[PDB]
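# Tertiary structure, described
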Amino acid sequence: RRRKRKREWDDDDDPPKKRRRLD
Amino acid sequence: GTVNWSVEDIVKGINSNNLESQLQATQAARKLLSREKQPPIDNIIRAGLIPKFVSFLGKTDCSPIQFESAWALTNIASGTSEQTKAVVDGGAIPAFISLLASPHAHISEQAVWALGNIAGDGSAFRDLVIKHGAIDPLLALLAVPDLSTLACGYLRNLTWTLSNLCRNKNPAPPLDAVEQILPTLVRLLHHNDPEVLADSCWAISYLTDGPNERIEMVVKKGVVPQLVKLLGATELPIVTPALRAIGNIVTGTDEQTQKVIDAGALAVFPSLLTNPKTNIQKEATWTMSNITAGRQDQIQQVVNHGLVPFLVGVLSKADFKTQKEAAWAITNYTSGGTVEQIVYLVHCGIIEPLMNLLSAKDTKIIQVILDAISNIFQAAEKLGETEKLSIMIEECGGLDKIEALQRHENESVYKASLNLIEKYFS
């Protein structure tokens, strides 16, 4: 029986870190 | 009026000793920084305007200049780490936190937004914002009987900033800060606005990405059933983070994984494993792989829910990334499963697509596949059915593929394949 595989790092589907207000 | 000022004029207005002139110039800066294309953030920074903007945040007697400078600083802080740093270096953090108490909702909201950008930059600024005491006043803004009475955009900004306080690792947020935030997060997770739900799910997904202790503190709040409900939402921006959170949770203990199963999650997987968005199929297949790494009774649930034919499906045809996760799910299944469960796997047609994937250049997946094949032979040995399997691999072109692998570059690959041949194919 194998171990679980934790999430491998990645920012692709990840939402923006920051937001600029346009109006 | 204040449209399209040069930085030079803005500096002139702000350096005047006239509060109205300063207000006018500050608004002009806000508009440059809010324009559609290429805000001149560095030019504003080089002009040395940040300390002035920060001092304007403290002018209780002139709420508009508070708003305008809050907005300008927010947009500077929305840029690169270096640009965010310039805002922090100016002393903006405590000034923004003080503004959270403002009687003017539009100013309080803007400060919420700014702190979100600062915390959003990474672990260090996130933790610095926390050390300055942001959490208490942020949470206080949400301490109402019914979230529905709050202005929609306002609630969205609050939720988003809270999600940035939950975000990033190396290190993950302080445990006590996470405990402090969680009950409000649980509440937001039951709100009916799609964007609040999306961002709440993102926050939960960040919090469950780590050591099992981290997962536990989220899971003991009883959010799993609600996450599973959101897993079946029609909005992709909700399903995506909800699924990421469910995936993270099943990387945990057998018990944490069982909560996901108990909450009815598996019933959504026929849709997820055939979802038009390839990223959903990948995350869903990754999730399945961690569930098939679970207990034999958890594997049985995968079986009962009819999900094995869905795994054969993605193994057979999907983007390559998803196929790799499917391969993992199969190796995990065959490593932990009973002989009967493994036999069932073969009867669903796993062998052919499994063999076809051996044409893949990926060295790691080849190892995964060879292992699985080894595991399946080991089950056929208990049943004396080894030869039925050899023939099965022979007729779908698998043996040809195992043969070539004997000459593969990787050590464990040719070693694994030589063993298979000189054992079951002699």
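See above for the structure.
Summary of the structure given here.

Conventions and cut-offs
- Residues numbered from 1 in each chain as written, not as in the entry; some residues may be left out.
- Chains lettered and ligands numbered in written order.
- Heavy atoms only, no water.
- 1 Å grid on protein atoms, 1.4 Å probe; cavity = no way out; pocket = protein on both sides within 12 Å on 5 of 7 lines; lining within 4 Å.
- Points joined across faces, edges and corners; volume = space filled by probe spheres on them.
- Helix = DSSP H or I, 4+ residues; strand = E, 2+ residues; numbered from the N terminus.
- Nonpolar A, V, L, I, M, F, W, Y, C, P; charged D, E, K, R; others polar.
- Buried < 20%, exposed > 50% of the residue type's maximum accessible area, 1.4 Å probe, protein only.
- Contact = heavy atoms within 4.5 Å.
- Buried area = accessible area lost by both parts, 1.4 Å probe.
- Salt bridge = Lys/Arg side-chain N within 4 Å of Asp/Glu carboxyl O.
- Polar contact = N/O pair within 3.5 Å; in protein donor to acceptor, adjacent residues only side chain to side chain.

Unoccupied space between atoms shows up once a probe the size of one water molecule is rolled over them. A full pass over the atoms with the stated rule returns 2 cavities of 30 Å³ or more. Each pocket or cavity is described by its volume, and for the largest cavity that value is around 180 Å³. As for the largest cavity, its lining consists of 15 residues, and the residues nearest its centre are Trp9(A), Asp14(A), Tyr206(B), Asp209(B) and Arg244(B). Those elements that provide at least two residues to the lining of the largest cavity are α13 (194-207) and α16 (236-249) of chain B. Ranked by the residues each element gives to the lining of the largest cavity, the list is headed by α13(B), at 3 residues. As a volume, the second largest cavity reaches approximately 50 Å³. The wall of the second largest cavity is formed by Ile342(B), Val343(B), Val346(B), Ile376(B), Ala379(B), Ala380(B), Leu383(B) and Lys388(B). Among the residues making up the lining of the second largest cavity, the classes are represented as 7 nonpolar, no polar and 1 charged.

It is worth spelling out unusual backbone geometry at this point. All names here are of chain B. In this structure, the amide linkage connecting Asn-170 to the following residue, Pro-171, adopts the cis form with an omega of 0°. Looking at the element boundaries, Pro-171 is found in the loop between α11 (152-165) and α12 (175-188). One non-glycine residue with positive phi stands out, namely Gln-38, at about 50°. Mapped onto the fold, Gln-38 is located in the loop between α2 (19-32) and α3 (41-46). For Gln-38, a relative accessible area of 68% puts it in the exposed group. Here the phi dihedral of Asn-170 falls at roughly 50°; this positive angle occurs in a residue that is not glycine. Its place among the elements puts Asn-170 in the loop between α11 and α12. Judged by its relative accessible area of 76%, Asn-170 is exposed.

Our next topic: the side chain of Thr240(B). By the element assignment, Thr240(B) lies in helix α16. In this structure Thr240(B) touches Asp13(A), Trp202(B), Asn279(B) and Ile280(B), once residues within four positions along its chain are discounted.

Between chain A and chain B, the residue contacts involve 20 residues of the former and 57 residues of the latter. Summed over both partners, the interface of chain A with chain B comes to about 3300 Å²; 41% of that surface belongs to carbon and sulfur atoms. The largest share of the area that chain A buries against chain B comes from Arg5(A), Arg7(A) and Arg21(A), three residues that together contribute 27% of it. The interface formed by chain A and chain B contains 8 salt bridges. Its salt-bridge partner being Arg244(B), residue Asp13(A) comes within 3.5 Å of it at the nearest N-O pair. The tally of links from chain A across to chain B stands at 33 residue pairs in polar contact.

As a further point, take the layout of surface pockets. Of the voids in this model, the largest pocket is the one considered here, and its volume is about 560 Å³. Together, 21 residues line the largest pocket, and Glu8(A), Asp10(A), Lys282(B), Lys321(B) and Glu325(B) are the ones closest to its centre. Mapped by element, the contributors of at least two residues to the lining of the largest pocket are α19 (278-291), α22 (320-336) and α25 (363-382) of chain B. Taken together, the residues of the lining of the largest pocket break down into 5 nonpolar, 1 polar and 15 charged. Contributing elements (two or more residues each) for the lining of the second largest pocket: α11 and α13 of chain B. For the lining of the second largest pocket, the leading source of residues is α11(B), giving 6 residues. Among the residues forming the lining of the second largest pocket, the class breakdown is 6 nonpolar, 4 polar and 6 charged.

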